[PDB]
Amino acid sequence: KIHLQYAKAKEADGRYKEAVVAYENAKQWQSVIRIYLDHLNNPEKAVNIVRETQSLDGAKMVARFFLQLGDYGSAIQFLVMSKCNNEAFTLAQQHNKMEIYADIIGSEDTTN
C-alpha cells in the first residue's frame, strides 16, 4: 500500500519508472495494466501478468486496442479474452466467420 501511495504520487507526475512494481507488488495487474497499456502499450508487459499472474480483463484492454488486423483474431485469443466462452467465439465468427481462427483459439482451451 506504501508502494501504491508512491504510485499515485508519481502517477500525478507521469513516470512509470517503478509504479508497475508499486502495482504488481500490491498485486495490481489493474494499475500495471492501466499505466502500461495507457503508455507502454507493451503486449509483453501486460502478458507478464497475463501468463504468470492471471491478469483479468486488463490484458483484455490490450487486445481491445490491438484487435485491428486480419491475423489479430489470434490477438483476441492471444490474450485469452480473460474468462470468455463466447466473446472470443463471437470474435472468431466475426472475421466473416473464422473456423480456422476458432480452432486457433482452440490451441489451448478453445471454449468453455
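Residues numbered from 1 in each chain as written, not as in the entry; some residues may be left out. Part of a larger assembly, values for the part shown. Heavy atoms only, no water. Residues with missing side-chain atoms left out of burial classes, pairs and counts.

- For this deposition, the record names cryo-EM as the technique by which the model was determined and cites 4.3 Å as its resolution.

Some words on the overall build of the chain
Working step 1: Assigned secondary structure in the chain consists of eight helices and zero strands.
Working step 2: Start at the N end of the chain and walk to the C end: the helices and strands fall as α-α-α-α-α-α-α-α. (Helix = DSSP H or I, 4+ residues; strand = E, 2+ residues; numbered from the N terminus.)

Notes on unusual backbone geometry
Working step 1: Positive phi is not limited to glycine here, since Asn41 has a value of about 60 degrees.
Working step 2: The topology assignment puts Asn41 in the loop between α3 (29-40) and α4 (43-52).
Working step 3: Phi is positive for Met81, close to 60 degrees, though the residue is something other than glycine.
Working step 4: Within the element layout of this structure, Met81 appears in the loop between α6 (72-78) and α7 (87-94).

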